[PDB]
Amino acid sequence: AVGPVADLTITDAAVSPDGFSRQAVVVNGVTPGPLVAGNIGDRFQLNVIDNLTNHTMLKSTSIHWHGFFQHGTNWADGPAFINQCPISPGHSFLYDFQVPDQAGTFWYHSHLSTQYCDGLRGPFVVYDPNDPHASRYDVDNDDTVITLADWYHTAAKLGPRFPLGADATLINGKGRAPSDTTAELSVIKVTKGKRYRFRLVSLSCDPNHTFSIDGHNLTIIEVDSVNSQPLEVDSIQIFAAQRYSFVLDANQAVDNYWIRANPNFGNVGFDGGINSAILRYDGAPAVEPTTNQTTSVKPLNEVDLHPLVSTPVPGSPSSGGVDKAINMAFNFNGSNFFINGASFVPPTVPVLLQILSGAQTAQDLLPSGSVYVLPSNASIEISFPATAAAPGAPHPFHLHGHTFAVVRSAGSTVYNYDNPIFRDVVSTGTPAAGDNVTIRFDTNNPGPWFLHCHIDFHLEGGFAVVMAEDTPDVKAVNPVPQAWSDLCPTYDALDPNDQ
């Protein structure tokens, strides 16, 4: 683990996480990037050093720290042309922010075009020395982080616009494609008799994964970065960019057990050990498990998750009982996605820079028809009705700058204004279920914040809008460092081929 103060050097390098060799974007020499860690209250100073040379995978870059509120530091959030211009090749940029009021499991990733798909992504943990769940496990360290990622043999800019799934699922950086089922698999070690806090992080660009471990049940204690009541399950469907902490009690016989992460599409199932890793008890021989999957009889359902501490839902407990209700109507024309009639196209001047330069109203802010001006210190309700007009469902939506209440989940026709889970990425479900996923949050974080489908190819296709929150205070609340004001002139001075 590096951090809370660290250099992250970005380069292009050859890698072969499933035995097939390809060029990729790597962080400190590896993909996924190394674990970044600290404790609640730390100040993070992550110096991002751009040494990229390969334009096909972009030579510029920009990093988002997924799940952090960034109160007072909206400039450090990451999304290109929303919160900054990209870092240019051969330059560095110091992201300097504090985490006074959050702890949990997070991650970081490029937030420039579809660059994270090519490798720029890794996990990020903020420990709490008074964690209220600390008494449920014995081990929680670098070796208890489990990442999942889709891997493609053809680069993001060189394959289809909307890929039909990945060549391999990788678990802690390794996995098999059907074309080579002898490639080395990841091993996660446990000691019989000890209890583990496993921190499961989806680094996926697209597929969701159905996650299970042969012979073991899992106790969910954290949802994205929110502590939950303990929920016992035997499988977990996890969508792109989501996180869960689960406790596993290593109390079965000393042996090798299959860890499984089945994608919703691409190469599904497990023939030859695809979509698998190995849980190995100390003592067991270094071989593959021969265990069998049994039918999940206790799968995670989101409506069953509730926060550990009572947290009132924003607003009054009835439909539209808030200061501002926004409905997101989806459309798609074969190459581009739309939200209320507008497909997102990044502006020339970053949204934050427009605001600092005086723009405060929906009328003044660009791009027109994609920026929503929200009142300050108010309750907001957003609904995302599922429709056949938007193929590639279920779309997992992410709100920057905020954790939100899920008042209505996918696969449920009920509204819960009493005790639903809060999180930061939510499946919007499917038209076959008649879904109308609905969320609420309060606006106490002045800044423009991205709201978008976390399937990166959908994002590249324009499936996004901007929440411009409390625009009269943005300038006063987020002072910016000189190195930030210098990003756009350096970036805009570049030759196109050096982007």
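Position 1 is the first residue in the sequence shown; the rest follow in order.
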query = Comparing 120-128 with 161-169, which has the greater mean CA B-factor as deposited?
reply = 161-169
task = Output the stretch having the higher mean C-alpha B factor in the entry; the candidates are 67-75 and 281-289.
result = 281-289
ask   = Going by the deposited entry, which of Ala253, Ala241, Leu148, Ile87 has the highest CA temperature factor?
value = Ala253
ask   = If you check the C-alpha B-factor for each of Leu352, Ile382, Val414, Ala329 in the entry, which is highest?
value = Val414
message = Using the temperature factors of the C-alpha atoms in this entry, rank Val15 within its chain: lowest, middle or highest third.
response = highest
key: Position of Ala388 among the chain's modelled residues by C-alpha B-factor, lowest, middle or highest third   = highest
inquiry  = Which third, lowest, middle or highest, does the C-alpha temperature factor of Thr490 belong to within its own chain?
reply    = lowest
note = Among the modelled residues of its chain, the C-alpha B-factor of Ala432 falls in the third labelled highest
task = Ordered by C-alpha B-factor within the chain, which third holds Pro34? Give me lowest, middle or highest, please.
result = middle
